[PDB]
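Undergrad: See upload09.tsv below, with TSV, C-alpha atoms.
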chain	number	residue	atom	x	y	z
E	5	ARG	CA	103.30	113.74	215.29
E	6	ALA	CA	107.11	113.22	215.52
E	7	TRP	CA	107.59	112.22	211.85
E	8	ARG	CA	106.36	113.59	208.48
E	9	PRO	CA	106.35	111.76	205.19
E	10	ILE	CA	108.46	113.55	202.51
E	11	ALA	CA	108.20	110.78	199.92
E	12	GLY	CA	105.53	108.11	199.24
E	13	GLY	CA	105.50	104.28	198.99
E	14	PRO	CA	103.50	100.96	198.93
E	17	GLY	CA	107.39	98.14	201.91
E	18	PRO	CA	110.43	99.07	204.14
E	19	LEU	CA	110.66	102.73	205.25
E	20	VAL	CA	113.57	105.22	205.32
E	21	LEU	CA	113.86	107.58	208.27
E	22	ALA	CA	115.68	110.92	207.95
E	23	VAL	CA	116.78	113.10	210.86
E	24	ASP	CA	117.39	116.83	210.59
E	25	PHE	CA	116.18	120.19	211.98
E	26	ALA	CA	113.48	121.66	209.67
E	27	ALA	CA	113.99	125.39	208.92
E	28	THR	CA	112.31	126.92	205.86
E	29	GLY	CA	114.51	129.28	203.89
E	30	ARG	CA	117.73	127.89	205.43
E	31	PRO	CA	120.83	128.00	203.13
E	32	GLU	CA	121.57	124.29	203.32
E	33	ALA	CA	119.89	121.77	201.04
E	34	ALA	CA	117.51	119.44	202.87
E	35	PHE	CA	116.36	115.89	202.72
E	36	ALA	CA	113.53	117.02	200.41
E	37	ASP	CA	116.28	117.92	197.85
E	38	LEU	CA	117.79	114.46	198.20
E	39	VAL	CA	114.49	112.51	197.94
E	40	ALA	CA	113.65	114.51	194.75
E	41	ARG	CA	116.74	112.86	193.28
E	42	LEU	CA	115.96	109.28	194.39
E	43	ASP	CA	113.90	106.53	192.72
E	44	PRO	CA	110.23	107.12	193.64
E	45	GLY	CA	109.17	103.75	195.23
E	46	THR	CA	110.60	103.95	198.79
E	47	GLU	CA	108.64	105.81	201.55
E	48	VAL	CA	110.77	108.41	203.51
E	49	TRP	CA	109.80	110.11	206.78
E	50	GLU	CA	111.57	113.22	208.08
E	51	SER	CA	111.90	113.96	211.82
E	52	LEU	CA	109.73	116.66	213.32
E	53	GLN	CA	110.82	118.67	216.41
E	54	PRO	CA	108.59	118.91	219.45
E	55	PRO	CA	105.97	121.62	219.25
E	56	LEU	CA	107.70	124.91	219.97
E	57	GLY	CA	108.49	125.35	223.67
E	58	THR	CA	107.59	121.79	224.63
E	59	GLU	CA	111.20	120.72	224.06
E	60	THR	CA	112.09	122.61	227.23
E	61	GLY	CA	112.62	119.86	229.80
E	62	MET	CA	113.37	117.21	227.22
E	63	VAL	CA	116.70	115.47	227.22
E	64	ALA	CA	118.20	113.31	224.47
E	65	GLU	CA	116.44	110.24	225.84
E	66	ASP	CA	113.03	112.02	225.58
E	67	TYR	CA	113.76	113.08	221.93
E	68	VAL	CA	114.85	109.51	220.94
E	69	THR	CA	111.97	107.79	222.69
E	70	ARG	CA	109.46	110.13	221.07
E	71	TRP	CA	110.81	109.22	217.59
E	72	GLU	CA	111.24	105.50	218.41
E	73	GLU	CA	107.81	104.98	219.87
E	74	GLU	CA	106.02	106.41	216.79
E	75	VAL	CA	107.98	104.01	214.68
E	76	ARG	CA	107.13	101.08	217.00
E	77	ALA	CA	103.42	102.06	216.91
E	78	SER	CA	103.40	102.14	213.05
E	79	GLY	CA	104.47	98.55	212.79
E	80	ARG	CA	106.70	99.33	209.91
E	81	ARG	CA	110.17	97.91	209.30
E	82	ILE	CA	113.03	100.43	208.78
E	83	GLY	CA	115.38	99.78	205.96
E	84	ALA	CA	117.58	102.78	206.47
E	85	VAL	CA	118.21	105.70	208.79
E	86	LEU	CA	119.65	108.94	207.41
E	87	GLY	CA	120.92	112.00	209.29
E	88	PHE	CA	122.32	115.38	208.36
E	89	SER	CA	124.75	117.35	210.48
E	90	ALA	CA	123.73	117.06	214.21
E	91	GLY	CA	120.83	114.95	213.12
E	92	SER	CA	123.39	112.25	212.40
E	93	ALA	CA	123.76	111.70	216.20
E	94	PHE	CA	120.05	110.98	216.66
E	95	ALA	CA	120.04	108.87	213.42
E	96	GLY	CA	122.84	106.76	214.85
E	97	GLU	CA	121.02	106.17	218.14
E	98	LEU	CA	117.80	105.26	216.31
E	99	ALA	CA	119.71	102.92	213.98
E	100	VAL	CA	121.41	101.12	216.91
E	101	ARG	CA	118.02	100.72	218.67
E	102	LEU	CA	116.43	99.40	215.50
E	103	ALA	CA	119.32	96.93	214.98
E	104	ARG	CA	118.25	95.57	218.35
E	105	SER	CA	114.48	95.73	217.88
E	106	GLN	CA	114.41	94.34	214.24
E	107	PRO	CA	115.57	90.94	212.98
E	108	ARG	CA	117.55	92.78	210.29
E	109	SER	CA	119.45	96.01	210.97
E	110	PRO	CA	118.79	99.17	208.99
E	111	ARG	CA	121.52	100.86	206.93
E	112	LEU	CA	122.88	103.97	208.56
E	113	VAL	CA	124.02	106.84	206.30
E	114	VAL	CA	125.19	110.11	207.85
E	115	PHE	CA	125.84	113.32	205.89
E	116	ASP	CA	128.55	115.67	207.33
E	117	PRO	CA	127.89	114.05	210.74
E	118	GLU	CA	128.37	116.34	213.72
E	119	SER	CA	128.38	115.92	217.46
E	120	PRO	CA	127.92	119.56	218.51
E	121	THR	CA	130.66	121.26	220.50
E	122	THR	CA	131.08	124.77	221.98
E	123	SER	CA	132.66	125.76	218.60
E	124	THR	CA	129.77	124.54	216.49
E	125	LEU	CA	127.23	126.25	218.90
E	126	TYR	CA	129.17	129.57	218.45
E	127	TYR	CA	129.68	129.30	214.66
E	128	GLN	CA	125.92	128.66	214.37
E	129	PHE	CA	124.97	131.57	216.58
E	130	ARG	CA	127.18	133.84	214.48
E	131	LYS	CA	125.55	132.75	211.19
E	132	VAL	CA	122.06	133.22	212.71
E	133	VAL	CA	122.84	136.75	213.98
E	134	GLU	CA	124.65	137.69	210.65
E	135	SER	CA	121.55	136.48	208.69
E	136	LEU	CA	119.31	138.78	210.75
E	137	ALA	CA	121.55	141.91	210.61
E	138	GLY	CA	119.51	143.54	207.83
E	139	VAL	CA	116.37	143.27	210.08
E	140	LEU	CA	117.81	143.53	213.66
E	141	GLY	CA	120.01	146.37	212.36
E	142	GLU	CA	123.80	146.33	212.10
E	143	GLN	CA	124.40	147.80	215.65
E	144	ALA	CA	122.03	145.39	217.42
E	145	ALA	CA	123.75	142.56	215.43
E	146	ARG	CA	127.18	143.73	216.54
E	147	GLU	CA	126.12	143.71	220.17
E	148	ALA	CA	124.66	140.23	219.95
E	149	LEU	CA	127.81	138.94	218.26
E	150	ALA	CA	130.03	140.52	220.94
E	151	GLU	CA	127.81	139.07	223.71
E	152	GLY	CA	127.86	135.59	222.16
E	153	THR	CA	131.64	135.89	221.65
E	154	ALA	CA	132.12	136.83	225.28
E	155	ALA	CA	129.96	133.84	226.21
E	156	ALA	CA	131.94	131.34	224.13
E	157	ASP	CA	135.19	132.69	225.62
E	158	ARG	CA	133.93	132.15	229.19
E	159	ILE	CA	131.78	128.99	229.09
E	160	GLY	CA	133.52	125.65	228.45
E	161	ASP	CA	130.65	123.10	228.46
E	162	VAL	CA	128.19	122.48	225.65
E	163	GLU	CA	124.97	122.56	227.60
E	164	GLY	CA	125.98	125.73	229.53
E	165	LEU	CA	127.06	127.61	226.43
E	166	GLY	CA	123.85	126.61	224.62
E	167	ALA	CA	121.78	127.99	227.52
E	168	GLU	CA	123.52	131.37	227.53
E	169	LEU	CA	123.47	131.81	223.73
E	170	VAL	CA	119.74	131.29	223.93
E	171	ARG	CA	119.65	133.96	226.73
E	172	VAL	CA	121.68	136.40	224.54
E	173	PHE	CA	119.57	135.77	221.45
E	174	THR	CA	116.27	135.93	223.31
E	175	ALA	CA	117.37	139.26	224.82
E	176	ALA	CA	118.39	140.58	221.43
E	177	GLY	CA	115.06	139.58	219.86
E	178	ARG	CA	113.06	141.06	222.75
E	179	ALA	CA	114.97	144.35	222.37
E	180	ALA	CA	114.56	144.53	218.58
E	181	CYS	CA	110.85	143.97	219.20
E	182	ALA	CA	110.70	146.76	221.80
E	183	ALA	CA	112.52	149.08	219.26
E	184	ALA	CA	109.74	148.07	216.74
E	185	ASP	CA	112.31	146.61	214.33
E	186	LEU	CA	110.48	143.22	214.61
E	187	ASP	CA	106.71	142.50	214.80
E	188	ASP	CA	106.13	140.89	218.20
E	189	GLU	CA	104.91	137.54	216.72
E	190	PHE	CA	107.88	137.45	214.38
E	191	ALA	CA	110.08	138.07	217.47
E	192	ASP	CA	108.44	135.28	219.53
E	193	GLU	CA	108.77	132.82	216.63
E	194	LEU	CA	112.39	133.79	216.00
E	195	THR	CA	113.43	133.31	219.66
E	196	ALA	CA	111.34	130.16	220.18
E	197	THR	CA	112.83	128.60	217.07
E	198	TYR	CA	116.42	129.39	218.00
E	199	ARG	CA	115.72	127.96	221.51
E	200	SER	CA	114.27	124.72	219.86
E	201	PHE	CA	117.43	124.52	217.65
E	202	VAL	CA	119.91	124.88	220.49
E	203	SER	CA	117.87	122.35	222.50
E	204	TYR	CA	118.15	119.90	219.63
E	205	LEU	CA	121.88	120.50	219.21
E	206	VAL	CA	122.65	120.08	222.92
E	207	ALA	CA	120.58	116.86	223.05
E	208	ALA	CA	122.36	115.55	219.93
E	209	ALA	CA	125.70	116.20	221.63
E	210	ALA	CA	124.59	113.94	224.47
E	211	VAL	CA	124.36	110.88	222.18
E	212	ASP	CA	127.30	108.46	222.36
E	213	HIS	CA	128.26	109.10	218.68
E	214	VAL	CA	131.40	106.98	218.92
E	215	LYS	CA	129.23	103.95	219.69
E	216	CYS	CA	126.43	104.85	217.32
E	217	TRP	CA	128.56	105.75	214.24
E	218	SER	CA	130.74	102.66	214.19
E	219	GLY	CA	128.50	101.04	211.53
E	220	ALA	CA	127.70	104.27	209.65
E	221	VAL	CA	128.53	105.09	206.11
E	222	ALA	CA	129.46	108.80	206.09
E	223	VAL	CA	128.93	111.16	203.12
E	224	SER	CA	131.28	114.18	203.43
E	225	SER	CA	131.33	117.59	201.75
E	226	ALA	CA	134.46	119.56	201.11
E	227	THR	CA	133.74	122.34	203.65
E	228	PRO	CA	136.70	122.20	206.10
E	229	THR	CA	134.79	123.03	209.25
E	230	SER	CA	131.89	120.62	208.51
E	231	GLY	CA	131.29	117.02	209.62
E	232	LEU	CA	134.35	114.77	209.75
E	233	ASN	CA	136.57	117.31	207.91
E	234	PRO	CA	138.14	118.91	211.12
E	235	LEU	CA	139.21	115.43	212.31
E	236	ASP	CA	142.52	113.97	211.34
E	237	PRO	CA	142.55	111.09	208.87
E	238	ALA	CA	143.09	108.31	211.39
E	239	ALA	CA	140.32	109.73	213.63
E	240	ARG	CA	137.86	109.83	210.71
E	241	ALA	CA	138.67	106.22	209.78
E	242	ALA	CA	138.29	105.07	213.38
E	243	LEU	CA	134.91	106.79	213.83
E	244	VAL	CA	132.80	105.47	210.95
E	245	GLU	CA	132.68	102.30	208.88
E	246	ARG	CA	133.17	104.05	205.48
E	247	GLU	CA	133.51	107.65	204.36
E	248	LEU	CA	132.57	108.77	200.81
E	249	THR	CA	133.81	112.22	199.79
E	250	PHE	CA	132.22	114.81	197.44
E	251	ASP	CA	133.74	118.05	196.19
E	252	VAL	CA	130.73	120.19	197.06
E	253	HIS	CA	129.89	122.74	199.75
E	254	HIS	CA	128.17	121.49	202.92
E	255	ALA	CA	125.11	123.61	202.00
E	256	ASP	CA	124.86	121.87	198.59
E	257	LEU	CA	125.48	118.29	199.76
E	258	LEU	CA	121.86	117.07	199.80
E	259	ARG	CA	121.08	118.57	196.39
E	260	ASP	CA	124.05	117.05	194.57
E	261	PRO	CA	123.29	114.53	191.89
E	262	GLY	CA	126.45	112.51	192.58
E	263	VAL	CA	125.42	112.24	196.22
E	264	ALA	CA	121.96	111.12	195.22
E	265	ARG	CA	123.30	108.50	192.83
E	266	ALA	CA	125.65	107.15	195.54
E	267	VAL	CA	122.79	107.14	198.12
E	268	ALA	CA	120.57	105.12	195.81
E	269	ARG	CA	123.32	102.48	195.49
E	270	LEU	CA	123.88	102.45	199.25
E	271	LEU	CA	120.15	101.88	199.77
E	272	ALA	CA	119.81	99.20	196.98
As structure tokens - that is how I would like this structure written.
TA:
Amino acid sequence: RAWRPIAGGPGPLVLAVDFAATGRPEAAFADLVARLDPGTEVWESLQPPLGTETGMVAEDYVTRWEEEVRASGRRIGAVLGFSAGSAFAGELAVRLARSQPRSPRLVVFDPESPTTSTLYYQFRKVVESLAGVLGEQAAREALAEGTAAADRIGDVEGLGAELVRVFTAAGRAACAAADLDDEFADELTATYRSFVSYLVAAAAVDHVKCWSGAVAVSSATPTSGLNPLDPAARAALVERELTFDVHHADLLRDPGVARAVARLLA
């Protein structure tokens, strides 16, 4: 499928868009739905089966998600997104405002439209998290290659492509050194490739159009979501911005967030 249920119901449905990654440091929609009222059904977005995202553009991702919703016959009461997922949530919400008699609520959490900086920051955190297993020297080399890449390549799709080349090459080499089992290596490199594919596709969404009716929920992490933008730019971009003094990685597990979300969905 393209959607998985993460909370049950009888009723209008809530959609939630994010990139699934078990063991990631950031709280997930599952943490948020644990902290909501139990009636309302919530579905979380699934990525294409690994590798099959190659050759898909943003339109292909959105249509895949949209058509499963159309086929269900269900009405959508709200669309949620986290981080880059906020771009796809905004496009789905705008399409559902057109396809439904009543528009869904759109709530976006640290919304991001990925740039060359966010592709590079992410690559760094990935490589740093694997240093213990790739080994510190292999990790150094990957970081320097990705750094070179970000210094040379100015567009988002091109940088994404090369970072996936660098990472794939680093995983293949760690495998050949026997520092990684060769199924662990394949899964690692396929998953990073799926992630960058998702990010680059999310960047393609017209987020200025799609976030004009969004309520944003913002952490305190300066580099996350709307925080790098100046005040006037944040106010121009979204309909309303709630702030929370919590780390980006804790946003979806915060009880104050959950309480505010329940009121926004009431």
Undergrad: Using atom CA of residue E:198 and atom CA of residue E:212 as the two end points, give the distance in Å to one decimal.
TA: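 Separation between atom CA of residue E:198 and atom CA of residue E:212: 24.0 Å.
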Undergrad: With a distance cut-off of 12 Å and all atoms listed in the file, select the neighbouring residues of residue E:43, excluding the residue or stretch itself and same-chain residues fewer than 4 positions from it, and output the selection as a list in words.
TA: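 Those residues are residues 11, 12, 13, 38, 39, 47, 48, 264, 265, 267, 268, 269, 271 and 272 of chain E.
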Undergrad: My list of candidates is E:169, E:6, E:244, E:232. Which is closest to residue E:73 when distances are computed with all atoms listed in the file?
TA: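 Of E:169, E:6, E:244, E:232, the one nearest residue E:73 is E:6, counting all atoms listed in the file.
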Undergrad: Nearest to residue E:224 among E:126, E:88, E:204, E:190, with distances taken over only C-alpha atoms: which residue is it?
TA: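 Nearest candidate to residue E:224 out of E:126, E:88, E:204, E:190: E:88.
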Undergrad: Nearest residue to residue E:152 out of E:68, E:175, E:62, E:252, using only C-alpha atoms?
TA: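 Of E:68, E:175, E:62, E:252, the one nearest residue E:152 is E:175, counting only C-alpha atoms.
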Undergrad: Nearest residue to residue E:178 out of E:211, E:17, E:192, E:165, using only C-alpha atoms?
TA: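 Of E:211, E:17, E:192, E:165, the one nearest residue E:178, counting only C-alpha atoms, is E:192.
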Undergrad: Quick one: of E:37, E:109, E:188, E:71, who's nearest to residue E:8, counting only C-alpha atoms?
TA: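 Looking only at the distances to residue E:8, the closest residue turns out to be E:71.
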Undergrad: Taking only C-alpha atoms into account, name the residue in E:58, E:249, E:119, E:174 that is nearest to residue E:227.
TA: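 Comparing E:58, E:249, E:119, E:174 against residue E:227, the winner is E:249.
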Undergrad: Within 10 Å of (118.1, 111.0, 222.7) (file coordinates; only C-alpha atoms), which protein or nucleic acid residues are there? I'd like them as a ChimeraX atom specification.
TA: /E:62-72,93-95,97-98,204,207-212
Undergrad: Might you pull out every residue within 12 Å of residue E:87, with all atoms listed in the file counted and same-chain residues fewer than 6 positions away left off, and present them as a ChimeraX atom specification?
TA: /E:20-25,34-35,38,49-51,93-99,111-119,208,217,220-223,231,258
Undergrad: Keeping C-alpha atoms for every residue in the selection just given, could you write it to a file as a PDB file, in the frame of the given file?
TA:
ATOM      1  CA  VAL E  20     113.570 105.220 205.320  1.00  0.00           C
ATOM      2  CA  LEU E  21     113.860 107.580 208.270  1.00  0.00           C
ATOM      3  CA  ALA E  22     115.680 110.920 207.950  1.00  0.00           C
ATOM      4  CA  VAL E  23     116.780 113.100 210.860  1.00  0.00           C
ATOM      5  CA  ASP E  24     117.390 116.830 210.590  1.00  0.00           C
ATOM      6  CA  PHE E  25     116.180 120.190 211.980  1.00  0.00           C
ATOM      7  CA  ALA E  34     117.510 119.440 202.870  1.00  0.00           C
ATOM      8  CA  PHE E  35     116.360 115.890 202.720  1.00  0.00           C
ATOM      9  CA  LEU E  38     117.790 114.460 198.200  1.00  0.00           C
ATOM     10  CA  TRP E  49     109.800 110.110 206.780  1.00  0.00           C
ATOM     11  CA  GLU E  50     111.570 113.220 208.080  1.00  0.00           C
ATOM     12  CA  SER E  51     111.900 113.960 211.820  1.00  0.00           C
ATOM     13  CA  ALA E  93     123.760 111.700 216.200  1.00  0.00           C
ATOM     14  CA  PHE E  94     120.050 110.980 216.660  1.00  0.00           C
ATOM     15  CA  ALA E  95     120.040 108.870 213.420  1.00  0.00           C
ATOM     16  CA  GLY E  96     122.840 106.760 214.850  1.00  0.00           C
ATOM     17  CA  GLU E  97     121.020 106.170 218.140  1.00  0.00           C
ATOM     18  CA  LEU E  98     117.800 105.260 216.310  1.00  0.00           C
ATOM     19  CA  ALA E  99     119.710 102.920 213.980  1.00  0.00           C
ATOM     20  CA  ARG E 111     121.520 100.860 206.930  1.00  0.00           C
ATOM     21  CA  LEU E 112     122.880 103.970 208.560  1.00  0.00           C
ATOM     22  CA  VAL E 113     124.020 106.840 206.300  1.00  0.00           C
ATOM     23  CA  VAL E 114     125.190 110.110 207.850  1.00  0.00           C
ATOM     24  CA  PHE E 115     125.840 113.320 205.890  1.00  0.00           C
ATOM     25  CA  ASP E 116     128.550 115.670 207.330  1.00  0.00           C
ATOM     26  CA  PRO E 117     127.890 114.050 210.740  1.00  0.00           C
ATOM     27  CA  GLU E 118     128.370 116.340 213.720  1.00  0.00           C
ATOM     28  CA  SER E 119     128.380 115.920 217.460  1.00  0.00           C
ATOM     29  CA  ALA E 208     122.360 115.550 219.930  1.00  0.00           C
ATOM     30  CA  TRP E 217     128.560 105.750 214.240  1.00  0.00           C
ATOM     31  CA  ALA E 220     127.700 104.270 209.650  1.00  0.00           C
ATOM     32  CA  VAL E 221     128.530 105.090 206.110  1.00  0.00           C
ATOM     33  CA  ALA E 222     129.460 108.800 206.090  1.00  0.00           C
ATOM     34  CA  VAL E 223     128.930 111.160 203.120  1.00  0.00           C
ATOM     35  CA  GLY E 231     131.290 117.020 209.620  1.00  0.00           C
ATOM     36  CA  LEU E 258     121.860 117.070 199.800  1.00  0.00           C
TER      37      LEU E 258
END
Undergrad: Measure the distance from atom CA of residue E:181 to atom CA of residue E:136 in Å and round it to one decimal.
TA: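 Rounded to one decimal, the two atoms are 13.0 Å apart.
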Undergrad: Atom CA of residue E:82 and atom CA of residue E:103 are how many Å apart?
TA: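 Going from atom CA of residue E:82 over to atom CA of residue E:103, I get 9.5 Å.
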Undergrad: Any chance you could work out the axis-aligned box around stretch 37-42 of chain E, listed atoms only, 8 Å on each side, giving centre and edge lengths in Å to one decimal, as AutoDock Vina command-line options?
TA:
--center_x 115.7 --center_y 113.6 --center_z 195.7 --size_x 20.1 --size_y 24.6 --size_z 20.9
Undergrad: Could you pull stretch 143-162 of chain E out of the structure just shown and give N, CA, C and O atoms as a compact mmCIF listing (two decimals), in the first residue's frame?
TA:
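Listing of result_34.txt after writing:
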# COMPACT_ATOMS: atom_id res chain seq x y z
N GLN E 143 37.76 6.46 10.25
CA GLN E 143 38.41 6.96 9.00
C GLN E 143 37.48 6.95 7.78
O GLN E 143 37.44 7.93 7.02
N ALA E 144 36.80 5.85 7.56
CA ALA E 144 35.79 5.78 6.50
C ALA E 144 34.74 6.92 6.65
O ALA E 144 34.27 7.50 5.64
N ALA E 145 34.38 7.25 7.89
CA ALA E 145 33.36 8.29 8.15
C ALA E 145 33.92 9.66 7.78
O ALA E 145 33.26 10.47 7.10
N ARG E 146 35.17 9.90 8.19
CA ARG E 146 35.89 11.11 7.78
C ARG E 146 35.91 11.33 6.28
O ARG E 146 35.70 12.44 5.80
N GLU E 147 36.26 10.29 5.55
CA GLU E 147 36.32 10.36 4.10
C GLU E 147 35.01 10.67 3.46
O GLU E 147 34.98 11.51 2.56
N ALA E 148 33.93 10.06 4.00
CA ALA E 148 32.59 10.29 3.45
C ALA E 148 32.20 11.72 3.71
O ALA E 148 31.67 12.40 2.82
N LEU E 149 32.45 12.19 4.95
CA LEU E 149 32.13 13.58 5.30
C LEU E 149 32.89 14.54 4.39
O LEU E 149 32.30 15.51 3.89
N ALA E 150 34.21 14.35 4.22
CA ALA E 150 34.94 15.22 3.30
C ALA E 150 34.41 15.14 1.87
O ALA E 150 34.39 16.15 1.18
N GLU E 151 34.02 13.95 1.40
CA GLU E 151 33.47 13.88 0.03
C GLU E 151 32.14 14.61 -0.09
O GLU E 151 31.87 15.33 -1.05
N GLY E 152 31.26 14.41 0.89
CA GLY E 152 29.98 15.11 0.89
C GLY E 152 30.13 16.62 1.02
O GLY E 152 29.39 17.37 0.38
N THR E 153 31.12 17.07 1.83
CA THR E 153 31.45 18.47 1.98
C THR E 153 31.94 19.06 0.66
O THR E 153 31.44 20.11 0.19
N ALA E 154 32.87 18.39 0.02
CA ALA E 154 33.29 18.80 -1.31
C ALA E 154 32.06 19.00 -2.20
O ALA E 154 31.88 20.03 -2.81
N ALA E 155 31.20 17.99 -2.21
CA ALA E 155 30.03 17.96 -3.07
C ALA E 155 29.13 19.15 -2.86
O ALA E 155 28.70 19.76 -3.81
N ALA E 156 28.87 19.47 -1.60
CA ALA E 156 27.97 20.59 -1.24
C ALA E 156 28.62 21.91 -1.62
O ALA E 156 27.93 22.90 -1.90
N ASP E 157 29.96 21.96 -1.59
CA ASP E 157 30.67 23.20 -1.98
C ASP E 157 30.67 23.44 -3.48
O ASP E 157 30.80 24.57 -3.91
N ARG E 158 30.49 22.39 -4.26
CA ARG E 158 30.55 22.46 -5.72
C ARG E 158 29.20 22.51 -6.40
O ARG E 158 29.07 23.13 -7.46
N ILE E 159 28.16 21.91 -5.79
CA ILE E 159 26.90 21.63 -6.52
C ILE E 159 25.75 22.47 -5.91
O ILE E 159 25.37 22.27 -4.74
N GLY E 160 25.28 23.43 -6.71
CA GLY E 160 24.32 24.44 -6.27
C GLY E 160 22.83 24.08 -6.37
O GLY E 160 22.03 24.76 -5.75
N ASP E 161 22.42 23.07 -7.14
CA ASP E 161 21.01 22.73 -7.17
C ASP E 161 20.67 21.50 -6.30
O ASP E 161 21.48 20.59 -6.14
N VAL E 162 19.42 21.48 -5.83
CA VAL E 162 18.95 20.49 -4.90
C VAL E 162 18.91 19.09 -5.50
O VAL E 162 19.45 18.16 -4.87
